[PDB]
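Here the structure comes first, spelled out in structure tokens, and everything after it is commentary.
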Amino acid sequence: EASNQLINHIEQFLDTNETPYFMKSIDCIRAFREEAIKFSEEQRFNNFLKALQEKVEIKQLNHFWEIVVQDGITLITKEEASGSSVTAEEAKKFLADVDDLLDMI
Amino acid sequence: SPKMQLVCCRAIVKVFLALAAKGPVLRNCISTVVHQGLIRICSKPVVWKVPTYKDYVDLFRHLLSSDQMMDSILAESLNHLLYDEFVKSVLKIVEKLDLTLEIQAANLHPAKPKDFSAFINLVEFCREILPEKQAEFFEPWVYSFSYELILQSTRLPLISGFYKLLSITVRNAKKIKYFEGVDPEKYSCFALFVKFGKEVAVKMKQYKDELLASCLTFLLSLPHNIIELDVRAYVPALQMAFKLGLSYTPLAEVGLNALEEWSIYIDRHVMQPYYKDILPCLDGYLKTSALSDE
Amino acid sequence: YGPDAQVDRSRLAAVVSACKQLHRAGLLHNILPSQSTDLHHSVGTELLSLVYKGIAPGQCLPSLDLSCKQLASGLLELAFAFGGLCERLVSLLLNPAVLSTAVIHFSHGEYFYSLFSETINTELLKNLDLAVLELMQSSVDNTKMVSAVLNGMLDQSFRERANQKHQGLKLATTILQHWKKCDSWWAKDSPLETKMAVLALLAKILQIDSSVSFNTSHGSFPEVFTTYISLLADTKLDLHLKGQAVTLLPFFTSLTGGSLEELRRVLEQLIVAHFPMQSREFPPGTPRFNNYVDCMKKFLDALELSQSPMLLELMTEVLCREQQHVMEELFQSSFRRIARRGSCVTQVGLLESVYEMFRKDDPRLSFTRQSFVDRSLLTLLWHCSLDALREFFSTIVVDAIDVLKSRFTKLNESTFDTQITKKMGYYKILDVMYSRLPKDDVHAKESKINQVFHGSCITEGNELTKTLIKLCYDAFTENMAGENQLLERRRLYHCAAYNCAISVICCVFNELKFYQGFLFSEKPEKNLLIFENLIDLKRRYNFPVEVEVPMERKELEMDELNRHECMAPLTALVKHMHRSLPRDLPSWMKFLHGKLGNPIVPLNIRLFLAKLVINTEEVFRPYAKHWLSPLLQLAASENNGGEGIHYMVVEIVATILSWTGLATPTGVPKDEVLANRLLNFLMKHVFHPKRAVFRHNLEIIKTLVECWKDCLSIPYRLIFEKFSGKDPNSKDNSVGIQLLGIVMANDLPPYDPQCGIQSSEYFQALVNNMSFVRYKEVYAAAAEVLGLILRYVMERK
DNA sequence: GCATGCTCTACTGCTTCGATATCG
DNA sequence: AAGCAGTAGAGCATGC
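Residue numbers (PDB author numbering), protein chains in the order written: chain A, 611 to 706, 724 to 732; chain B, 450 to 496, 519 to 546, 558 to 586, 609 to 686, 697 to 808; chain C, 1437 to 1494, 1498 to 1541, 1550 to 2001, 2082 to 2108, 2119 to 2334.
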């Protein structure tokens, strides 16, 4: 519910093409990432990563997409499951009569 | 509406009484609130729709005489403070407005034509705020107020606004029996009025209509013991007030009040050879016959 | 000090005036010489100590008389006239001695400065540099008192600028030279009152000084600039307190970049870190909404007082971010006060700065990019002076027409939306520029018509108007059949194109009927239309008789159809064509007549054209014979948008009843059966329980029968059914009695025998209401109707 | 936050009746 | 303590 409303807030943040709003939104999606690690909701995690990926790949937002591939915002890395001890390898292996008047004057 | 103006006034009294207990750090900010409000209500048009000074008179009347009907439930020591802030704001407004006559009194005109309207709004406002509740509050104010008004009136002679304020202060001084023993302040204010009466009496001979009525009203507001020493100089002002009173009824009122005060308090033999010309101009008022003047 | 000191307080004033006259003669020192050691005067410091120590009890609270204060000011002027005494007076001002009246505290130096304040300030301005140095030496010790004294000195030296204008700049320079001595004020973990005292001190300095806040020179600039930046960029302050560091941002929106980039940076951080999340979502009345509104008001004050692109761009971004911001009239008033300021160069800076907001790429939304022009730039262009509007025009001609000639991309909806929005915005800009420019510098041989071609030219000046009129006409006369992506955005684009066509034709064409060639010409055999492309043919319009909010005025009353953003310029052109140049109907009316009088046209077009005829009826009042059949057709028609006697039918029948004596519907039988159906419809739907509406309907029907009265069949069967209710507890028989009073009011008979009621039964159900003695409006109104009828039947036997 | 009627509710007066206390 | 006629004003709608 409030996750939905703040995802609308994040979409409004990507709606705004200013300078500090991008970092505000990447802080919000980092916060959503941390609380998705600590709420055991990996279905919704893959769902929102696909949501942002398909939204900003049917849209452009080239600068934020550059900071996505420059910081790292990607699908879950573990085993597409509820836990492992795995590094950022999955990030690295996934995304590396008018005619008359026209002269009658 | 009425009975909401009472609520607004209880609100303002509660604010002033709240910050009047906060020491003299905020007791200073009663003064600038009363001052800013007085400047605000004294810059209206001169007499949905626009209000004038006549509507704020009950506000400033309840402010200076109805702490008793308010504080005695609010869970004279504030009446006195608000009276002092009113008189301070009056002579502070007087010593700051620009009242200067420009050759456009042939056709003299105000250099500040907005400050002049503010001053005359202040005069007709203050004509009905000061005469109430004078029985102790004006008595330390008499000398300073009259002295400042006389010095402002000497350099602005043809004003018609300083004689009205001077008539107010000398009527308030007579209401509290200020000139009785005639205290170095009482004799100084006495001799000040003795000299200024003769100065206004000589300079009013050039004046024509409301300058003339203002100087006449000021001279006939003077006490008896200031007139009792120079009765022959003030008697023609009484004849001129009884003559101008046929068309201006307030001037007939101040003439009748002057004559009833003179005939009671001034001596019977200095008054005796002057009834031969004071009384014959009363015959214009006794011309009623109730025919078509029904 | 007391109530009887008048024989012993009269002599101190005398020796005070005596010693003042000695000091004027230049020999106060010779009579009263220094019995003290080096520089203090043994009499002067005794006087200062007397005045200072005699306002406090060492004896409850000495309340000053009116002359006690004036004697104290005289004693104080004498003490300062004896010489020296700046250091002891400053150390008396910064003294943490505490008093009490009866418990409240109020420090001794503060009360002393509050009482006198002006002799003290005149002294402290008389010996300046030692006062400021010894006063800012003790800034940490008593930070409230040094701020109070410096503020008093600074605004007292402001008021004396009519003679001592050199003193204020000296005091400002010396109070800036020691700005390191107040760096403990605008620090972290400082109380808010010292942070606000810095802002007040800076406000007074920047009021009295000029070349401190806007140069990169003079030395003191970095120390004030980091103070200002760190005060308005912090977190520990509050939003409405930080709003009071915005009212002196006028002094800083003139300095050239490098640092102006830093000022934009701290302002944008303040916006993204303190203002609501893009949609004014703070509920109105909470402590968040309050601080937001009072900060934005001071922000708009700063923008309107120091007009700059760095503030206009920022306030236009926050204005044009959502659908409607809270303070719309404030933003519009601030922009209207921005435009009309003289200085014909600095307006074009604002115009180019706010045009670049929607010209460039920076992709946000459709409404965001169109609101940059709509809520801000049109307001600027509609009030900027006429000379500053040709420079902006000449700057935008080439790129405008280069966008207007492009083709869209219907594969991808997003850039399609952006192209629609940009083309509509360009049509709006061209609309206003063609509106408020005279005809010579747009149509004769001038620099603007030269600047669409290369350099100048020799042509008579019609090389812009034609390529724009063809573009406008190809815009507002498109035709979709399978095209279904964005109907709303493209419909608004059609309306903007049509309005730009209006505003271009009302300027350069004046002769006879060049209006007709583009504004009122469709091609249904080629499907090249106008009004179907203008009006939304799907929306349900209401037309309510009664309203919650009254006075929906702009001027023409905006209801729902009257804010179509094409109705007001259409009424403008139609009122224009009446005073530029019977014969039955011109083609600019014959097109509307063929559009209005058909039940095969959509309904919203008929209601739109009807409201146009309503809003300008001084132009159809000459041709009222032709323009009364379709209006009456719409009034007495079947579908009108409401199930009663609504405002549209009230409006049509009121205008037509004004057209009496010019066209009565007694000529043709079509208008006669329309008038009869109109009367039966009005007499059926009268009631509407709000009694003023009931009386209004009755006055409508009465004025209708009084005006026409001839080609009408009174529906006597309906009136019989209206009063024939046999129920002695209902006011339902009052309606038939009122209609009967209406029809008896003019001349007309009761009971024409054609209605199958058999007059005995009719009149018996009429007179039977006399027995219904519960409400006066039944039996007494029935009695008065029977009296009128009986006078009638006696009158004509 | 005012002015004007209109309806209709609630009360009074009169009168009957019945329940209770009292007396030859 | 209830019927029964008579009235007066309380409370409310309404006013564009």
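Yeah, the Cβ is synthetic: ideal placement off N, Cα and C, and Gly gets one too.
* To do: Select from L1761(C), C1767(C) and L1696(C) the residue whose C-alpha is nearest the C-alpha of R1727(C).
  => Of the candidates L1761(C), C1767(C) and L1696(C), the one whose C-alpha sits nearest the C-alpha of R1727(C) is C1767(C).
* **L1623(C) versus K1573(C) - alpha carbon distance** => Per the coordinates, the alpha-carbon of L1623(C) lies some 18 Å from the alpha-carbon of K1573(C).
* C-beta neighbour in chain A for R2228(C), strict 8 Å -> Chain A places no beta carbon closer than 8 Å to that of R2228(C), leaving this residue out of the contacts.
* **Collapsed DSSP secondary structure at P630(A) in the structure displayed** => DSSP places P630(A) in helix when its eight states are reduced to three.
* Neighbouring residues, chain C, relative to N627(A) (Cβ below 8 Å) -> Neighbourhood of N627(A) in chain C, by CB distance below 8 Å: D1809, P1810 and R1811, in chain order.
* Proximal residues of chain A, C-beta to C-beta of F1965(C) below 9 Å -> Neighbours of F1965(C) on chain A, chain order: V725 and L728.
* To do: With 7 Å as the limit, tell me which residues of the segment 1892-1917 of chain C have their beta carbon closer than that to any beta carbon of chain A; keep them in chain order.
  => Those would be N1909, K1913 and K1917, in chain order.
* **Selection of the segment 645-669 of chain A by Cβ proximity to chain C, strictly under 7 Å** => When C-beta distances to chain C are compared with 7 Å, the residues of the segment 645-669 of chain A below that value are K669, in chain order.
* To do: Taking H619(A) as the query, report the chain C residues whose CB atoms sit under 7 Å from its CB, ordered along the chain.
  => Result: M1724.
* **Backbone secondary structure at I633(B) - three-state DSSP** => Here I633(B) sits in coil by DSSP.
* Among the residues of its own chain, which have a CB less than 6 Å from the CB of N1738(C), if the five just before and after it don't count? -> Cβ within range, chain order: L1686 and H1687.
* Which of helix, strand or coil does DSSP assign to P614(B)? -> Looking at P614(B) - three-state DSSP - the assignment turns out to be strand.
* Asked: DSSP on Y2312(C), reduced to helix/strand/coil?
  -> In the structure shown, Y2312(C) sits in a strand (DSSP, three-state: E or B).
* **Nonlocal neighbours in the same chain, by C-beta distance under 7 Å from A1786(C), ignoring five residues either side** => Cβ neighbours of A1786(C) beyond the five flanking positions: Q1794, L1827, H1830 and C1831.
* **Interface residues of the segment 1843-1876 of chain C facing chain A [CB-CB below 8 Å]** => So the list reads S1861, given in the order they occur along the chain.
* Quick one: residues in its chain with C-beta nearer than 6 Å to the C-beta of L1696(C), no 5 flanking neighbours on either side, listed in chain order? => So the qualifying residues of the chain are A1749.
* Asked: Taking only beta-carbon atoms, is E1925(C) less than 8 Å away from chain A?
  -> No, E1925(C) does not count as interfacial toward chain A.
* From which residue to which residue does the beta strand (DSSP E) around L583(B) run? -> Per DSSP, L583(B) belongs to the beta strand (DSSP E) from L583 to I585.
* Integer-rounded CB distance, given that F632(A) should sit under 8 Å from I677(A) -> 7 Å between Cβ atoms; contact.
* For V2186(C), which residues from the same chain have a beta carbon less than 7 Å from its beta carbon, with the 5 sequence-adjacent residues on both sides left out? -> Spatial neighbours of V2186(C) in its own chain (CB-CB distance under 7 Å, excluding positions within 5 residues in sequence) are listed in chain order as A2172 and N2177.
* Look up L1827(C) in the DSSP assignment and give the residues it is bridged to. => Per DSSP, none; premise fails for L1827(C).
* In the DSSP assignment, find the alpha helix (DSSP H) that holds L1562(C) and state where it starts and stops. => For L1562(C), the enclosing alpha helix (DSSP H) begins and ends at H1555 to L1562.
* Alpha-carbon to alpha-carbon, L2165(C) and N2135(C) -> If I take the Cα positions, the gap works out to 14 Å.
* Using the rule of at least 16 other Cβ atoms within 10 Å of the residue's Cβ for burial, across every protein chain shown, is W776(B) buried or exposed? -> Result: buried.
* **Per-residue burial, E611(A) [other beta carbons within 10 Å of its own, 16 or more giving buried]** => Answer is exposed; the Cβ neighbour count stays below 16.
* Taking DSSP as the reference, what is the three-state secondary structure of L1975(C)? -> Secondary structure of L1975(C) (DSSP, three-state): strand.
* To do: For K2313(C), count neighbouring C-beta atoms within 10 Å of its own C-beta (all shown protein chains included) and say buried if the count is 16 or more, exposed if not.
  => Label assigned to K2313(C): exposed.
* Asked: Of the residues that make up the segment 611-623 of chain B, which ones have a beta carbon closer than 8 Å to any beta carbon in chain C?
  -> Answer in chain order: no residues at all.
* Buried versus exposed, by CB contacts within 10 Å (16 or more), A2147(C) -> Answer is buried; the Cβ neighbour count reaches 16.
* 8 Å Cβ shell around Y779(B) - same chain, five flanking residues per side excluded -> Closer than 8 Å at the Cβ level, and outside the excluded window around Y779(B), lie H738, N739 and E742.
* Please name the residue, chosen from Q1754(C), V1820(C), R1608(C) and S1470(C), that lies closest to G1796(C) on a Cα-to-Cα basis. => When each option's Cα is compared against that of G1796(C), the closest is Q1754(C).
* To do: Quick one: which unbroken alpha helix (DSSP H) runs of 4-plus residues sit fully inside the segment 1744-1817 of chain C? Chain order, please.
  => Runs found: 1756-1766, 1775-1786 and 1793-1806.
* In angstroms, rounded to a whole number, what distance separates the CA positions of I1896(C) and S1604(C)? -> Those two C-alpha atoms are separated by around 57 Å.
* Going straight from the alpha carbon of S1586(C) to that of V1593(C), what length do you get? -> Their Cα atoms are separated by approximately 6 Å.
* Chain-ordered chain A contacts of residue 2335(C) [CB-CB under 9 Å] -> Nothing about residue 2335(C) can be read from this structure; chain C reaches only from 1437 to 2334.
* **Candidates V745(B), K525(B) and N625(B), of which the one nearest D781(B) by Cα** => For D781(B), the closest C-alpha among the options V745(B), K525(B) and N625(B) is that of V745(B).
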